[PDB]
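Q: Here it is, the structure in full.
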Amino acid sequence: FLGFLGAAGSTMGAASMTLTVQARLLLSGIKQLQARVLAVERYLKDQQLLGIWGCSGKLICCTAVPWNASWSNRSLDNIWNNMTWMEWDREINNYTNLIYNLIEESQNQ
Amino acid sequence: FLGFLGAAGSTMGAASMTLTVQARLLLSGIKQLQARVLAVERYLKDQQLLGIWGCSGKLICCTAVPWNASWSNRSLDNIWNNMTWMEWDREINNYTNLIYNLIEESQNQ
Amino acid sequence: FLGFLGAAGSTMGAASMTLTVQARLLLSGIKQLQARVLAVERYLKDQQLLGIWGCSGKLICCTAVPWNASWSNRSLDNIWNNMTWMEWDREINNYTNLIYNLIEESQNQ
Amino acid sequence: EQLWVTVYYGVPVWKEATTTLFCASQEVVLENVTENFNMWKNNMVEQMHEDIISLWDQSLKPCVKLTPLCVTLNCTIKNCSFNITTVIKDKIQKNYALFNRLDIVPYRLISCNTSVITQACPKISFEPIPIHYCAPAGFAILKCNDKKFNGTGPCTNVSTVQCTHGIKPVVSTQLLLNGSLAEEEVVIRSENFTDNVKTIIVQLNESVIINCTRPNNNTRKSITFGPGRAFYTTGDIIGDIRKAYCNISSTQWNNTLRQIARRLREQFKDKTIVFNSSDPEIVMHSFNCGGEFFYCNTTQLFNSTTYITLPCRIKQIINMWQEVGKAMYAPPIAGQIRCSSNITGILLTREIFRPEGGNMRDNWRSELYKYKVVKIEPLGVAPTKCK
Amino acid sequence: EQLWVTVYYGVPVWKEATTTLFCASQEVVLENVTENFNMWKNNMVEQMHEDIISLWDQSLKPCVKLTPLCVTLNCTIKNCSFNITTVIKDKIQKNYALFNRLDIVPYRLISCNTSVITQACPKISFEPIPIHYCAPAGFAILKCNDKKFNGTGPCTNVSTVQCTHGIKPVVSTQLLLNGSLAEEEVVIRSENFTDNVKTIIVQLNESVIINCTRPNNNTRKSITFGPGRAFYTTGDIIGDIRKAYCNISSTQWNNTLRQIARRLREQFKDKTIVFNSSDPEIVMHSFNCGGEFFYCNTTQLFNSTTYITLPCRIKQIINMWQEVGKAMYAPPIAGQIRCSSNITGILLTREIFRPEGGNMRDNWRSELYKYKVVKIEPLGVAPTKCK
Amino acid sequence: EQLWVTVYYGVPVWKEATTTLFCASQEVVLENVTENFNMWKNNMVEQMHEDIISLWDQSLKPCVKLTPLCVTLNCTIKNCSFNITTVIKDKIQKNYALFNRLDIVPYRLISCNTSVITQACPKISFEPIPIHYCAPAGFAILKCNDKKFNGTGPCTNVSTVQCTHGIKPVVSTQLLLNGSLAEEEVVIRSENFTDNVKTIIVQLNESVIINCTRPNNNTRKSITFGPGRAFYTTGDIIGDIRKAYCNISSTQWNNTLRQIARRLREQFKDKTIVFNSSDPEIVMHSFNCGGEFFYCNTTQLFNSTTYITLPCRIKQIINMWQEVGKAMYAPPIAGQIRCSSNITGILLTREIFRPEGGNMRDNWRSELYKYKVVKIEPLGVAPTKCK
Ligand SMILES: *[C@@H]1O[C@H](CO)[C@@H](O[C@@H]2O[C@H](CO)[C@@H](O[C@@H]3O[C@H](CO)[C@@H](O)[C@H](O)[C@@H]3O)[C@H](O)[C@H]2NC(C)=O)[C@H](O)[C@H]1NC(C)=O
Ligand SMILES: *[C@@H]1O[C@H](CO)[C@@H](O[C@@H]2O[C@H](CO)[C@@H](O[C@@H]3O[C@H](CO)[C@@H](O)[C@H](O)[C@@H]3O)[C@H](O)[C@H]2NC(C)=O)[C@H](O)[C@H]1NC(C)=O
Ligand SMILES: *[C@@H]1O[C@H](CO)[C@@H](O[C@@H]2O[C@H](CO)[C@@H](O)[C@H](O)[C@H]2NC(C)=O)[C@H](O)[C@H]1NC(C)=O
Ligand SMILES: *[C@@H]1O[C@H](CO)[C@@H](O[C@@H]2O[C@H](CO)[C@@H](O)[C@H](O)[C@H]2NC(C)=O)[C@H](O)[C@H]1NC(C)=O
Ligand SMILES: *[C@@H]1O[C@H](CO)[C@@H](O[C@@H]2O[C@H](CO)[C@@H](O)[C@H](O)[C@H]2NC(C)=O)[C@H](O)[C@H]1NC(C)=O
Ligand SMILES: *[C@@H]1O[C@H](CO)[C@@H](O[C@@H]2O[C@H](CO)[C@@H](O)[C@H](O)[C@H]2NC(C)=O)[C@H](O)[C@H]1NC(C)=O
Ligand SMILES: *[C@@H]1O[C@H](CO)[C@@H](O[C@@H]2O[C@H](CO)[C@@H](O)[C@H](O)[C@H]2NC(C)=O)[C@H](O)[C@H]1NC(C)=O
Ligand SMILES: *[C@@H]1O[C@H](CO)[C@@H](O[C@@H]2O[C@H](CO)[C@@H](O)[C@H](O)[C@H]2NC(C)=O)[C@H](O)[C@H]1NC(C)=O
Ligand SMILES: *[C@@H]1O[C@H](CO)[C@@H](O[C@@H]2O[C@H](CO)[C@@H](O)[C@H](O)[C@H]2NC(C)=O)[C@H](O)[C@H]1NC(C)=O
Ligand SMILES: *[C@@H]1O[C@H](CO)[C@@H](O[C@@H]2O[C@H](CO)[C@@H](O)[C@H](O)[C@H]2NC(C)=O)[C@H](O)[C@H]1NC(C)=O
Ligand SMILES: *[C@@H]1O[C@H](CO)[C@@H](O[C@@H]2O[C@H](CO)[C@@H](O)[C@H](O)[C@H]2NC(C)=O)[C@H](O)[C@H]1NC(C)=O
Ligand SMILES: *[C@@H]1O[C@H](CO)[C@@H](O[C@@H]2O[C@H](CO)[C@@H](O)[C@H](O)[C@H]2NC(C)=O)[C@H](O)[C@H]1NC(C)=O
Ligand SMILES: *[C@@H]1O[C@H](CO)[C@@H](O[C@@H]2O[C@H](CO)[C@@H](O)[C@H](O)[C@H]2NC(C)=O)[C@H](O)[C@H]1NC(C)=O
Ligand SMILES: *[C@@H]1O[C@H](CO)[C@@H](O[C@@H]2O[C@H](CO)[C@@H](O)[C@H](O)[C@H]2NC(C)=O)[C@H](O)[C@H]1NC(C)=O
Ligand SMILES: *[C@@H]1O[C@H](CO)[C@@H](O[C@@H]2O[C@H](CO)[C@@H](O)[C@H](O)[C@H]2NC(C)=O)[C@H](O)[C@H]1NC(C)=O
Ligand SMILES: *[C@@H]1O[C@H](CO)[C@@H](O[C@@H]2O[C@H](CO)[C@@H](O)[C@H](O)[C@H]2NC(C)=O)[C@H](O)[C@H]1NC(C)=O
Ligand SMILES: *[C@@H]1O[C@H](CO)[C@@H](O[C@@H]2O[C@H](CO)[C@@H](O)[C@H](O)[C@H]2NC(C)=O)[C@H](O)[C@H]1NC(C)=O
Ligand SMILES: *[C@@H]1O[C@H](CO)[C@@H](O)[C@H](O)[C@H]1NC(C)=O
Ligand SMILES: *[C@@H]1O[C@H](CO)[C@@H](O)[C@H](O)[C@H]1NC(C)=O
Ligand SMILES: *[C@@H]1O[C@H](CO)[C@@H](O)[C@H](O)[C@H]1NC(C)=O
């Protein structure tokens, strides 16, 4: 409805139903051999980084790693009804790799 | 074992048993870089479109998209025991994108 | 932690617990063009061949295909406690295509 | 109560990028979002400059070089004569050709002493066509739609576009030709107004029409040096000779300078703004008109505090970007040529103000000031109550 | 009851497309399918011609150019002498070399003024080797196994092949040599047999053997230009001077020509037909035999309503496919030359029929008439009772 | 009692394959596994050899030819004067140049009648940088860790690495420089010792230091011989004229020869062995030192049953890797040039033994003797008691 990347200004609760229109257009279809192989490699990198953690065939997955208040500690309605995705990406930018490693460790069991 | 595209003249009931014969040979690794990159992208685009709708890795799955009689009013025994996939594709070539976006809409709803 | 490929000399009864460190290295995204396209094609071929058989998301999977004694007639104590994976690959090497075809046929049911 | 981390795919966030876009020859409004822009560290200008240099060098690769012209000329615009070999290597013959004054030095050619002269191929043409830059898969191009955008700072109305608008790779030095006009008012933008070194880009809200012509009736002549190596030059001029010139409406240019002086008084302090005059490559207006590279004296326009006529010279041998040891011979066109163009921008340099535009990246900064390329990062994590 | 949408992966359907086939050097039957073919809209023929042009350009790129041989020749085959510079630039040495008549024009080489002559690299050979054109993964190559196939029309016996057979890139002008023969009858195929412009392709069920020879016993001499540039040419002939000829058995050609006339009468109306005679490169029969490029006069064969001997000429400078801006000097072969080949197809052109055609694209269209490239579309949707 | 099929992923098996190893500029111990090695059939040597030739050909591509040199040099090391054309085509200037003796054949440059002489760009530098060869995902490199490995046969201790060690592309004919020393003793290894045609690779455990110098104080001068085409030559020498020499300690070399003889007699039968002396690229020691290609006479090192001084000559025109048509004019370097190197290995050839190092692939077999590339196959099937 909002097109590609159109829910960037909306909140998380509004933008969580429209993840497909950003998920679909990550492939091609729109020398140039190198950029084309680069596009394939970037999509595969994101896909298998998702697939290491489990939930390879779905857009929303739930993991067993508990949320730590040191990463962020504000209330859930403020996160999911008031904040955009970019502001949240700014806040936890110092801890994304640590959360990725904890999610990777928990799927190993 | 009828081989690759061996059941292209068989009926839709009979040709549904040979899906793994065709599906194994869409990907390479059996001047030349354009052909290999093109094969990889065509397989990867089809796999992404299959995984967006859900259930990429298993057979029995729920779709919950109702069939419209305007698409095809033909009886089910006549579909699955009388014709092949080629004329079925000819009948539903123009209506296909509507079915695709309805499956995508029923995935998240 | 044995490391990558370090359980090659061990028997397959003990090498089968170490499959995670071999599986976690075979990744992408971490004469350049030939190597990159070759790595992408090998990863996608392994994933497609694993996904047709069933059990796309796990390292140990087992199907409904019955084992034929014509492939190998030795007992489980001879297989899992006397031989490594190299020798067992040397035994059934000419029967891998028939076994893969039987697994692909049995998964279509 | 208790929270667990969840993984989302397709998250609409982006980061900075420096990817290589692809040429080509949809838009989403994006409400409630602000993005900072900077046209001076924008990377699409360098990408366009590298691509233009690469295509201009690739077009000059297969066809003929003018090494045998590097010989003494017995000249009488000049009428010169020289000695070359025939198509047979054994014998020689005498020919003659008409050269302009700027292509010869006291007589030998302008760039035999330093550069390698390569003839432009007769099949290709110098007519510019619109070029759209499209981001590859996984990247996006953001466009700032603010009418008051001054070149750097936050933008309130940011929108995402698939490809840029049609940009014509024109060649100009002092006056920007066929560019994008401003939305409502003449807009000045620069990196640092208090710095003398940094250039000044002026954009106009209404264009000024400039008409240029070449009244001489030239005739093309063919000259060969050997097997398969031909060479085209002017043979003779039919009729009376007359200089080339360009015409500009005086009152429209005076009103344009008045608006420009008003905006320069707004950006600087309230004081007297005076325009002064500015090597034929950087002093004169170097541009293309109908296939011949005009070089027009512009001291009449930039002298202030019915029509006006600027005298122009013609060069056959040019060197774009002043490459070391590589030049170009543009083959002359037969007959009279006329052309018309919009004037949409002036490049200036500091009060006294003089035009100089020898770099061609500031030509393309006036077209890519609205754009910015970003990289989509579709993965993201956020806590949710459910396990 | 309600019906719900299912999705199938691996559906056996195909659609028409064009792909990037690659060279290489299984078959299944497809029952109950009636895919239609068209020999005059194949993309494989255009792609094969572009690949042959790209391969012929790349082989002649790095080696020696024949610019310094555009000098005056004191010719007396012919024996000629000339001045040429030796490896030291200051010294000039007199030399001599035998030349054929078609290579020289009143003397000088025939293609001096037209284009530049790039000598063929002295170790390359023009022996045809079979090339299989193969499609990537996700595409398939169909084949029509119908015996009475006529080009445009629906097929009843379609088969999917891994890729094509051994297509030999033989160069010929009138008689298609070393081709693939028909199975049952002599088959004549045309896009429009009631049009004079369109060429007529004939395929023979039984081949006619041809023997050709060059009985002159040449020897090879080398001439140096300067640093790293050499040139190979005939020095002398050790033996009797004889002409080059080709022999065709007359009874085989008469029976073949009667079959062609009978089937061509069957395709046309019941009228009498005559066969008549056909620039030496488009009039004569041009082919390579053992490394030398023959040009044989074929007016004795096509003169109807023991042996037949056809006189031939040898030419070293060739500029085939009419590419203005390129030429080629094939190095001569020492010793006697003898070769044999099978005549497989003939190219005709309109009562009066004569051999005609300078295009080399119709040679490969007679090999790629059975094939077609399709694109697999494995996703399909169908209704099922419950999901 | 029924067994059903189980599918495993990540199975540790490998098979031999050849892959495209990429350059770059961690070890895990595999227990109870025995893998055979063969460094004469190793494919990493051919890959490295092709990559080094491709890098050299890429470096020599745009750096302009030397024609119109090969004029008649009038010479009095030598002092030579010659006539050459200036930047204007029809005028001839007089120049003088200092050339070495080995660059000149009776005068004329040495590589004038064999190959085109492409001058080497003045930016170029022949200093070796270490190159690690890495394997892509899905492939692995196996390293043999036996301390007395003789090149062929099974290896008891096998370990796996991601990339090879720091292989330096040092080009040297008779004596291997800056290589990898052996672990315990001097190790002599060959394909079979009875064949006299096969080369013998000796690897030392204690390196011998060498000091080489060019005591002449040369000055460089630019000569322009065309439009935008110029090249560098030695102008004049300041000070006393001296020869270039290399210094080796005599005690270290005597101990090295005695260790080589002691270990070499253990392979052959009971017979005394003598070292004898060995076109300067194959007869004497040719190596690069500080940018100049030294050619050192080594008859004093191999004459047996304080310092040893070896006289050396300097060449500027070399044609390495034996390919005709690819010579290079190395530019001279001003000032005194001094370098030091470690002697790692000696190449021998048949008792009597003399150094012969004509091929360059034996320089890299002494580094890539441990390594072997394999292809990992992660899938596998086995029976268990599931379901
Ligand atoms: C292929 O061979 C045939 C036969 O050798 C060539 O035909 C010959 O062509 C010449 C010139 O066109 C004919 O000469 C003419 O003769 C008549 C008298 O008959 C005379 O009046 C003319 O002035 C001219 O001199 C010659 O007769 C003719 N041969 C026959 C048997 O008719 C043909 O030219 C060759 N093909 C090519 C491409 O050269
Ligand atoms: C191509 O066909 C021609 C004609 O069919 C062949 O020419 C024939 O060659 C033979 C042997 O060279 C000749 O026989 C000889 O005749 C002479 C008298 O002239 C006699 O003294 C010899 O003892 C010998 O019998 C024959 O006359 C000749 N025919 C003609 C019409 O000239 C030619 O040999 C064939 N070439 C090839 C490669 O098959
Ligand atoms: C191609 O069509 C023919 C004609 O129908 C098929 O042959 C028969 O098809 C009927 C219809 O199901 C079967 O009842 C018969 O048993 C078939 N004959 C035989 C001898 O089996 C044929 O099966 C079709 N081919 C394919 C590959 O489906
Ligand atoms: C350049 O060309 C002119 C001719 O256009 C030459 O002028 C002639 O020179 C000859 C010999 O000196 C005189 O006999 C003629 O009377 C001259 N003619 C004219 C019209 O002046 C001139 O000499 C040439 N220049 C050079 C350097 O050779
Ligand atoms: C913000 O920018 C958008 C374009 O990116 C503007 O939308 C355009 O508005 C005009 C006038 O209302 C319409 O004619 C266009 O069709 C609109 N474009 C699109 C893509 O819908 C919008 O008006 C701008 N808003 C402000 C406040 O400047
Ligand atoms: C723009 O130019 C001015 C000077 O014309 C710069 O101001 C100077 O900056 C340097 C470095 O920070 C200081 O040491 C000087 O004291 C400054 N001089 C004055 C008069 O302010 C200024 O930094 C430049 N950039 C911007 C963004 O304004
Ligand atoms: C542009 O035109 C002006 C016209 O005034 C030129 O200025 C004159 O140049 C000549 C030659 O140098 C001088 O003798 C005059 O005194 C100048 N007049 C003035 C008023 O300055 C100027 O040189 C021209 N520029 C170019 C590049 O051709
Ligand atoms: C620059 O502008 C000034 C002002 O218009 C010009 O000076 C005038 O020149 C004309 C022509 O000779 C005189 O009639 C006026 O009296 C001059 N006015 C003044 C105030 O001096 C000047 O000529 C212009 N220069 C150029 C190069 O165009
Ligand atoms: C360009 O401007 C000039 C003036 O500088 C125009 O020339 C005038 O032309 C008309 C008609 O030909 C004459 O009556 C005037 O006498 C000219 N003026 C002068 C000062 O010479 C010219 O017409 C304009 N247009 C073009 C296309 O050249
Ligand atoms: C700039 O000049 C161009 C022509 O060189 C003008 O473009 C034409 O203007 C007329 C009148 O409005 C239109 O009917 C044509 O459709 C325009 N052509 C094109 C290709 O757009 C243009 O009007 C001038 N002014 C501006 C501001 O661009
Ligand atoms: C239709 O084409 C097939 C081609 O496969 C013909 O069947 C036979 O197929 C085998 C497969 O290798 C070939 O070796 C034979 O040469 C083919 N022909 C025969 C007569 O056995 C089949 O005959 C064709 N059918 C018709 C009606 O033309
Ligand atoms: C072959 O080409 C000829 C060209 O003359 C076609 O004949 C004409 O086709 C047009 C188009 O319908 C008709 O209007 C004419 O009446 C036809 N006849 C003549 C004498 O002009 C012919 O149809 C083509 N045949 C095929 C099979 O394509
Ligand atoms: C064709 O010419 C070559 C060149 O002379 C001949 O080869 C020579 O044959 C004689 C006799 O056997 C030998 O003594 C020479 O050594 C050969 N020369 C070479 C370079 O090999 C050849 O015999 C001739 N062939 C015919 C059929 O006449
Ligand atoms: C072309 O040459 C071959 C020989 O290379 C000829 O074949 C010979 O023919 C004769 C007569 O028919 C037989 O007696 C021989 O046994 C054949 N030999 C071989 C090796 O096949 C062939 O006949 C020639 N072609 C023509 C048309 O004369
Ligand atoms: C290198 O040493 C190995 C032993 O470590 C040699 O291998 C032996 O070769 C002989 C001769 O064929 C065999 O009889 C032995 O059985 C081999 N031993 C093993 C353990 O395989 C090998 O030949 C040596 N290589 C060379 C070139 O001498
Ligand atoms: C290289 O070795 C030679 C020995 O042959 C050295 O020459 C000696 O140098 C010393 C000290 O200057 C003198 O006392 C001797 O008389 C020299 N010997 C001869 C035979 O002349 C030379 O100095 C060494 N060079 C370097 C750089 O180590
Ligand atoms: C090679 O070695 C031999 C023996 O060591 C050298 O011969 C000696 O040379 C010296 C110097 O002239 C004499 O004093 C000895 O009498 C010689 N001994 C014998 C046994 O001949 C020979 O000079 C060496 N060659 C080189 C080039 O160093
Ligand atoms: C939360 O993060 C902090 C970071 O300093 C760490 O010390 C703490 O152990 C973490 N808590 C849990 C439960 O992981
Ligand atoms: C079925 O399709 C028709 C048009 O093709 C549409 O009018 C109708 O509403 C559809 N049925 C349903 C239930 O939406
Ligand atoms: C085992 O394989 C043999 C030969 O392939 C076959 O005859 C037999 O039927 C197979 N047994 C089973 C149970 O499939």
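So you can find residues: chains in the structure tokens are A, B, ... in the order shown, residues in each start at 1, and ligands are numbered from 1 in order.
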Please check the contacts: residues of chain E at most 9 Å away from chain F, using only C-alpha atoms, listed as a ChimeraX atom specification.
A: /E:87-90,224,226-229
Q: Show me which residues line ligand 3, defined as having an atom within 8 Å of a ligand atom where only C-alpha atoms and all ligand atoms count, and present them as a count of residues only.
A: 11
Q: Rank nothing, just name the residue among B:39, B:12, B:25, B:52 nearest to chain D, using only C-alpha atoms.
A: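 That would be B:52, the residue with the smallest distance to chain D.
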Q: Enter the distance from CA of residue 139 (chain F) to CA of residue 55 (chain A), in Å, rounded to one decimal.
A: 27.8 Å
Q: Would you kindly report the residues of chain A within 8 Å of chain C, using only C-alpha atoms, as a PDB file with N, CA and C atoms, in the first residue's frame?
A:
ATOM      1  N   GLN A  34      29.953  -7.704 -11.962  1.00  0.00           N
ATOM      2  CA  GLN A  34      30.445  -7.669 -10.587  1.00  0.00           C
ATOM      3  C   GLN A  34      29.393  -7.142  -9.621  1.00  0.00           C
ATOM      4  N   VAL A  37      26.687  -9.966  -9.240  1.00  0.00           N
ATOM      5  CA  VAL A  37      27.168 -10.990  -8.311  1.00  0.00           C
ATOM      6  C   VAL A  37      27.199 -10.448  -6.882  1.00  0.00           C
ATOM      7  N   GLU A  41      25.301 -11.971  -3.651  1.00  0.00           N
ATOM      8  CA  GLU A  41      26.056 -12.303  -2.445  1.00  0.00           C
ATOM      9  C   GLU A  41      25.517 -11.584  -1.214  1.00  0.00           C
ATOM     10  N   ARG A  42      25.069 -10.333  -1.364  1.00  0.00           N
ATOM     11  CA  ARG A  42      24.480  -9.609  -0.237  1.00  0.00           C
ATOM     12  C   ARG A  42      23.174 -10.252   0.217  1.00  0.00           C
ATOM     13  N   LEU A  44      22.301 -13.408  -0.231  1.00  0.00           N
ATOM     14  CA  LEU A  44      22.630 -14.693   0.376  1.00  0.00           C
ATOM     15  C   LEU A  44      23.240 -14.536   1.758  1.00  0.00           C
ATOM     16  N   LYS A  45      24.032 -13.479   1.972  1.00  0.00           N
ATOM     17  CA  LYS A  45      24.608 -13.213   3.286  1.00  0.00           C
ATOM     18  C   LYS A  45      23.525 -12.943   4.317  1.00  0.00           C
ATOM     19  N   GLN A  48      21.471 -16.391   4.906  1.00  0.00           N
ATOM     20  CA  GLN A  48      22.060 -17.437   5.739  1.00  0.00           C
ATOM     21  C   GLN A  48      22.437 -16.927   7.122  1.00  0.00           C
ATOM     22  N   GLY A  54      18.128 -20.061  12.923  1.00  0.00           N
ATOM     23  CA  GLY A  54      16.837 -20.701  12.813  1.00  0.00           C
ATOM     24  C   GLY A  54      15.845 -19.761  12.164  1.00  0.00           C
ATOM     25  N   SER A  56      14.422 -20.020   8.963  1.00  0.00           N
ATOM     26  CA  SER A  56      14.891 -19.630   7.640  1.00  0.00           C
ATOM     27  C   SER A  56      13.739 -19.283   6.707  1.00  0.00           C
TER      28      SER A  56
END
Q: Which residues are near residue 53 (chain A)? Cut-off 8 Å, only C-alpha atoms, ignore same chain within fewer than 6 positions. Put them as JSON, numbers by chain.
A: {"A": [103, 104, 107]}
Q: Using N, CA and C atoms, can you write the selected residues to a file as a compact mmCIF listing (two decimals), in the first residue's frame?
A:
# COMPACT_ATOMS: atom_id res chain seq x y z
N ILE A 103 22.13 -15.08 20.01
CA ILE A 103 21.10 -15.81 19.27
C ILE A 103 21.72 -17.00 18.55
N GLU A 104 22.94 -16.83 18.01
CA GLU A 104 23.65 -17.93 17.37
C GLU A 104 24.02 -19.02 18.36
N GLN A 107 20.76 -21.14 19.40
CA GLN A 107 20.31 -22.07 18.38
C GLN A 107 21.22 -23.29 18.26
Q: I need the residue nearest chain B from this list: D:175, D:143, D:9, D:61. Use only C-alpha atoms for the distance.
A: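 Going through D:175, D:143, D:9, D:61 one by one, the smallest distance to chain B is for D:9.
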Q: Please identify which residues in chain A DSSP calls alpha helix (DSSP H) from the backbone, and express them as an NGL selection string.
A: :A and (12-15 or 20-24 or 33-52 or 76-82 or 85-91 or 96-108)
Q: For region 246-255 of chain D, list every protein, DNA or RNA residue within 8 Å, evaluated using only C-alpha atoms, and leave out those in the same chain fewer than 3 positions away; present the list as a list in words.
A: residues 208, 209, 210, 211, 212, 213, 258, 259, 296, 301, 306, 307, 308, 309, 310, 311 and 312 of chain D
Q: Could you dump the residues just selected with N, CA and C atoms as a short mmCIF file (atom, residue, chain, number, x, y, z; two decimals), in the first residue's frame?
A:
data_model
loop_
_atom_site.label_atom_id
_atom_site.label_comp_id
_atom_site.auth_asym_id
_atom_site.auth_seq_id
_atom_site.Cartn_x
_atom_site.Cartn_y
_atom_site.Cartn_z
N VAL D 208 17.80 32.24 -19.48
CA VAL D 208 18.18 33.25 -20.45
C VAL D 208 18.55 32.54 -21.75
N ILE D 209 17.95 32.97 -22.85
CA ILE D 209 18.16 32.31 -24.14
C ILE D 209 19.41 32.88 -24.80
N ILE D 210 20.31 31.99 -25.22
CA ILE D 210 21.54 32.37 -25.91
C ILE D 210 21.54 31.71 -27.28
N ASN D 211 21.83 32.49 -28.32
CA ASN D 211 21.86 32.02 -29.69
C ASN D 211 23.26 32.17 -30.26
N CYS D 212 23.79 31.08 -30.82
CA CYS D 212 25.14 31.08 -31.35
C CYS D 212 25.12 30.52 -32.77
N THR D 213 26.03 31.02 -33.60
CA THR D 213 26.03 30.65 -35.01
C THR D 213 27.45 30.69 -35.56
N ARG D 258 20.85 41.63 -11.58
CA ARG D 258 20.29 42.36 -10.44
C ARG D 258 19.77 41.42 -9.36
N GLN D 259 19.07 40.35 -9.77
CA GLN D 259 18.60 39.35 -8.80
C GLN D 259 19.77 38.61 -8.16
N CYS D 296 34.04 31.42 -26.42
CA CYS D 296 33.48 32.76 -26.50
C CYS D 296 33.98 33.64 -25.38
N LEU D 301 29.58 40.39 -20.36
CA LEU D 301 28.53 40.02 -19.41
C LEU D 301 28.92 40.37 -17.98
N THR D 306 17.42 45.44 -26.70
CA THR D 306 18.53 45.24 -27.62
C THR D 306 19.36 44.02 -27.22
N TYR D 307 20.17 43.54 -28.16
CA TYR D 307 21.00 42.36 -27.93
C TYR D 307 22.43 42.78 -27.61
N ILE D 308 23.19 41.83 -27.06
CA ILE D 308 24.62 41.99 -26.83
C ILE D 308 25.34 40.86 -27.56
N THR D 309 26.50 41.15 -28.12
CA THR D 309 27.22 40.22 -28.99
C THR D 309 28.58 39.91 -28.40
N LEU D 310 28.89 38.62 -28.26
CA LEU D 310 30.16 38.15 -27.75
C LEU D 310 30.95 37.48 -28.87
N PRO D 311 32.18 37.90 -29.14
CA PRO D 311 32.98 37.23 -30.16
C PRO D 311 33.46 35.86 -29.70
N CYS D 312 33.53 34.93 -30.65
CA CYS D 312 33.87 33.55 -30.33
C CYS D 312 34.93 33.03 -31.29
#
Q: Please, which residues in chain D fall within 12 Å of ligand 8 when counting only C-alpha atoms and all ligand atoms, and what is the closest atom pair and distance in Å to one decimal for each, ordered by chain then residue number, as a Markdown table?
A:
| residue | atom | partner | partner_atom_place_in_ligand_line | distance |
| --- | --- | --- | --- | --- |
| D:274 | CA | ligand 8 | 2 (O) | 11.0 |
| D:275 | CA | ligand 8 | 1 (C) | 9.9 |
| D:276 | CA | ligand 8 | 1 (C) | 8.8 |
| D:277 | CA | ligand 8 | 27 (C) | 8.2 |
| D:278 | CA | ligand 8 | 27 (C) | 11.3 |
| D:297 | CA | ligand 8 | 27 (C) | 10.4 |
| D:298 | CA | ligand 8 | 28 (O) | 9.3 |
| D:299 | CA | ligand 8 | 27 (C) | 5.9 |
| D:300 | CA | ligand 8 | 28 (O) | 4.7 |
| D:301 | CA | ligand 8 | 28 (O) | 8.0 |
| D:302 | CA | ligand 8 | 1 (C) | 8.4 |
| D:303 | CA | ligand 8 | 1 (C) | 4.9 |
| D:304 | CA | ligand 8 | 2 (O) | 6.0 |
| D:305 | CA | ligand 8 | 4 (C) | 8.9 |
| D:308 | CA | ligand 8 | 28 (O) | 10.9 |
| D:309 | CA | ligand 8 | 28 (O) | 11.1 |
| D:310 | CA | ligand 8 | 28 (O) | 10.4 |
